[PDB]
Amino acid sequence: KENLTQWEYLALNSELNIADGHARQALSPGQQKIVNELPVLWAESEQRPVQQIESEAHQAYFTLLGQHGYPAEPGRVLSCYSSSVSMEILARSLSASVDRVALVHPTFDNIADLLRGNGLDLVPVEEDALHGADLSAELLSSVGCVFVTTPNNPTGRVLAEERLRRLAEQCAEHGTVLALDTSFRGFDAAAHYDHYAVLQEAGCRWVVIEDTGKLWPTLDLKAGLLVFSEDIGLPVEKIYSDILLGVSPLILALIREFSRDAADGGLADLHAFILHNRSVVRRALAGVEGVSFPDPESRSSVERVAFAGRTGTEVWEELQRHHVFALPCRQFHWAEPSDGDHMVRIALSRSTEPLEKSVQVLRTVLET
């Protein structure tokens, strides 16, 4: 009710959960071999310095996704329990010296709520403005930080390299912090150009929150990776250290192993699997008059579906009576929820059969 996560609680124990964006599909054979070796990874984690495991996990993950220029010095990458924990750290860090943040709209709502809960005033930037033109000098001088989710959740829209470059330059020209949430990076190769090369070359203050969680079905074993420019000028390291000593070496080793499996062909398979599931959904809502797909080009692991004549809340209630749990979209539009009134979001990181069943139910529903 109060936010998207509270809608997601309702799905957590149902077999037709198509709500939260976490990866819940079956493990691949290669991934299952990693799970089978957990006691070997446990022993390794008992015996090696955590710094070496962590360094190996960062190198595997960043290189996997083309981020070759990431700062590999310890500790320029802070490994957090989750990217939301990274976001809480950044948010509270920003509130030490910033009053206002320009934020892409729509986006996942806990980004807005963590920023707002830490006392920051939010200025929405619609995706068209963000991708299509320079930000206004008026905007950039009224905010201390521009925050971009890319690929965006829920739209899948990717900030292209030329636009990231121009944005980083505008932020440098105004001294404003450029912050990126790249949680969905792994799903779309358009997001695999080297973002850190661009940022370092522009010379702006910057933070990037990476996330290993949404990509592989690891039972929510994950890290958020909070990466910050040398001159970030915010107390991210101090506040990080108030919250944690570090993450489990076993999780870091799991990230290392899953990244290597991904580099050896798992990532291509993941892209094919997500594309298959997206087609399942779009074929199932084939003709269905009134139905449309707002993000024709998205390659993300979540999928928006729009409809005329119904609200997403009504669709959600009709769906739930059949034990199918999706997500109304109102709350992604954190500055104007009515923008989301006629959409639901569907999770594609699911085994195809339960997904198929859920969308067949949505098809029936979406025909009164």
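Residue numbers run from 1 along the displayed sequence.
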Inset, instruction - Read off the CA B-factors in the entry, average them over 197 to 205 and over 104 to 112, and name the higher stretch. - result: 197 to 205
Inset, instruction - Return whichever of 46 to 54 and 23 to 31 has the greater mean Cα B factor according to the PDB record. - result: 46 to 54
Inset, instruction - Tell me, please, which of 161, 169, 257, 289 has the highest C-alpha B factor according to the deposited entry? - result: 289
Legend entry - Criterion, highest CA B-factor; candidates, 243, 90, 284, 80: 284
Inset, instruction - Check where residue 74 lands among this chain's C-alpha B-factors and tell me if it's the lowest, middle or highest third. - result: highest
Inset, instruction - Quick one: classify residue 133 as lowest, middle or highest third of the chain based on its Cα B-factor. - result: middle
Inset, instruction - Divide the modelled residues of the chain into thirds by Cα B-factor and specify which third, lowest, middle or highest, holds residue 61. - result: middle
Inset, instruction - Ordered by C-alpha B-factor within the chain, which third holds residue 222? Give me lowest, middle or highest, please. - result: lowest
Legend entry - Chain-relative CA temperature factor third for residue 323: highest
